[PDB]
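In this chain, numbering begins with 1 at the start of the sequence shown.
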Amino acid sequence: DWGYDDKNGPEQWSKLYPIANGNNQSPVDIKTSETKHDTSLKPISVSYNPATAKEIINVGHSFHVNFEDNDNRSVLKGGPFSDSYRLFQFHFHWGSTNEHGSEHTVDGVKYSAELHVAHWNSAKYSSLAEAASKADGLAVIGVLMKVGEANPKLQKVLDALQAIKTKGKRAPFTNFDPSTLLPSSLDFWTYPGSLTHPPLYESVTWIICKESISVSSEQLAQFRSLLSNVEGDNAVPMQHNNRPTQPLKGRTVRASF
Ligand SMILES: [Zn+2]
């Protein structure tokens, strides 16, 4: 079983998942002096239907907000993509303290947390399960979260956590459009990469926003007070779930700006 502690964590993952030492691993440090501006990149277009919001789940290492993905009610288009990608989930990563917590870094700078909005290629594939292992199967928008002012758009999500405190708990989570969590500028970086935890498939086209969103110290505390243990066991707070940055191995990070 994999996690984030020292026995089962990022430095150990290569034992059952050798792709952890692959050539297209994520996250990465984005060095802005080494990025290549690409005039061919189109604007990012998101069109999400709040009716697709389904469920919030404590998954032990994190929590997930899942969406109905049976049709194209909620889609990502544009950027580097010719295909339409269907929303299926969003989640966050965070760290032990405010000083770290993001997965991607920019010129070496670590942010406090990171939002991931994940989609699958419904133009080419019939299901998430099919798409997840294909090079062009997944598209994830990453948004760096900078500690500062409380973010009111996080409210519904944070209010839901009291109902899913321990591992395996789940609740309906409905009528929510996660494009409300995105920054006002959708200027972005893009590079070919991977899932940031097992199974670590190199199936993700990353879209990293240039503009951060805010999160308060107390909002981050709410993430960290989720519990990784099952109900009735000794409490084990979910202190962190960010992977260290990985070698670019010659990949190019492109800029839309
Ligand atoms: Zn993630």
Side-chain angles (χ1 to χ4, degrees), residues 1-28 54-67 69 88-97 100-105 110 112-120 127-135 137-138 140 142 145 157-158 160-173 193-204 206 220-247:
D1 220 9
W2 71 268
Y4 292 94
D5 60 58
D6 294 309
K7 190 100 88 162
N8 61 12
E11 295 315 311
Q12 307 293 291
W13 296 345
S14 65
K15 292 188 195 153
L16 290 166
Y17 307 92
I19 198 69
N21 299 318
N23 292 327
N24 301 275
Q25 289 292 288
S26 293
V28 298
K54 183 189 196 180
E55 189 170 51
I56 192 169
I57 306 167
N58 180 324
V59 300
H61 62 86
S62 192
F63 72 92
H64 293 169
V65 179
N66 292 321
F67 291 76
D69 64 343
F88 73 95
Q89 184 182 98
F90 75 85
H91 62 255
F92 302 88
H93 301 257
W94 60 89
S96 303
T97 57
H100 62 272
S102 72
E103 295 212 296
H104 293 83
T105 60
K110 301 164 209 171
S112 289
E114 188 165 327
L115 163 64
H116 286 165
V117 187
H119 313 76
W120 63 267
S127 68
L128 172 67
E130 182 186 10
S133 63
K134 310 291 189 181
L138 309 178
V140 186
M145 297 171 60
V157 179
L158 297 160
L161 299 185
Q162 50 65 47
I164 59 146
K165 288 303 299 203
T166 50
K167 183 180 184 181
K169 287 201 76 174
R170 62 203 66 218
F173 185 95
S194 78
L195 302 176
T196 68
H197 59 67
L200 296 164
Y201 288 137
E202 301 184 329
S203 59
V204 183
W206 282 97
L220 297 166
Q222 294 190 255
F223 293 161
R224 297 197 205 100
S225 74
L226 284 167
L227 301 169
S228 68
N229 58 280
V230 304
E231 180 166 309
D233 279 351
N234 293 320
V236 186
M238 229 180 255
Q239 286 195 244
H240 61 95
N241 57 14
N242 62 319
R243 194 195 189 184
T245 50
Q246 302 301 311

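- Remark: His197 engages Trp2, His61 in a ring pair (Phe, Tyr, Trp, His ring centres under 6.0 Å) (not counting sequence neighbours).
- With sequence neighbours left out, the side chain to side chain contact (heavy atoms under 4.5 Å, CB included) criterion links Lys54 to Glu68.
- With a 4.5 Å cut-off on side-chain heavy atoms, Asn234 and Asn229 do not count as touching.
- Under the side-chain hydrogen bond (donor to acceptor under 3.5 Å, both in side chains) criterion, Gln246 pairs with no residue at all, not counting sequence neighbours.
- Under the side chain to side chain donor-acceptor pair (under 3.5 Å) criterion, the residue pairs touching residues 11-21 are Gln12-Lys15, with sequence neighbours excluded.
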Let me have the donor-acceptor pairs involving side chains of residues 127-135, under 3.5 Å, with sequence neighbours excluded, atom names and distances please.
residue	atom	partner	partner atom	Å
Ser127	OG	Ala129	N	3.4
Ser127	OG	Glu130	N	3.1
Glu130	OE1	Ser126	N	2.8

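- Between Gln25 and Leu200, the closest side-chain pair of non-hydrogen atoms falls below 4.5 Å.
- Listed by chain and number, the residues in a side chain to side chain contact (heavy atoms under 4.5 Å, CB included) with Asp5 are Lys7, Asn8 (sequence neighbours excluded).
- Side-chain polar atoms of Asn242 and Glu103 form no donor-acceptor pair below 3.5 angstrom.
- Proximity of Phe173 to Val157: side-chain heavy atoms (C-beta onward) are separated by under 4.5 Å at one or more points.
- Aromatic ring orientation, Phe90 versus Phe67: tilted (interplanar angle from 30° to 60°).
- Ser102 is linked by a side chain to side chain contact (heavy atoms under 4.5 Å, CB included) to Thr105, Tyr111, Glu114, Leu144, counting only residues two or more places apart in sequence or in another chain.
- Taking the six-membered ring where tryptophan is involved, the planes of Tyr4 and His240 are perpendicular, since the angle between them exceeds 60° and thus also 30°.
- Scored by the side-chain hydrogen bond (donor to acceptor under 3.5 Å, both in side chains) test, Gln222 finds no partners at all (sequence neighbours excluded).
- The line from CG of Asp1 to CG of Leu16 is 10.0 Å long, rounded to the nearest 0.5 Å.
- Applying the side-chain hydrogen bond (donor to acceptor under 3.5 Å, both in side chains) rule to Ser26 yields the partners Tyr191, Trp206; only residues at least two apart in sequence or on another chain are considered.
- Using a 4.5 Å cut-off on side-chain heavy atoms (C-beta onward), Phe92 and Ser62 make no contact.
- Under the rule for a side-chain hydrogen bond (donor to acceptor under 3.5 Å, both in side chains), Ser96 has no partner lying at least two apart in sequence or in another chain.
- Legend: residues meeting side chain to side chain contact (heavy atoms under 4.5 Å, CB included) with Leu220, ordered by chain and number and at least two apart, are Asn98, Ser112, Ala113, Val147, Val215, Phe223, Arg224.
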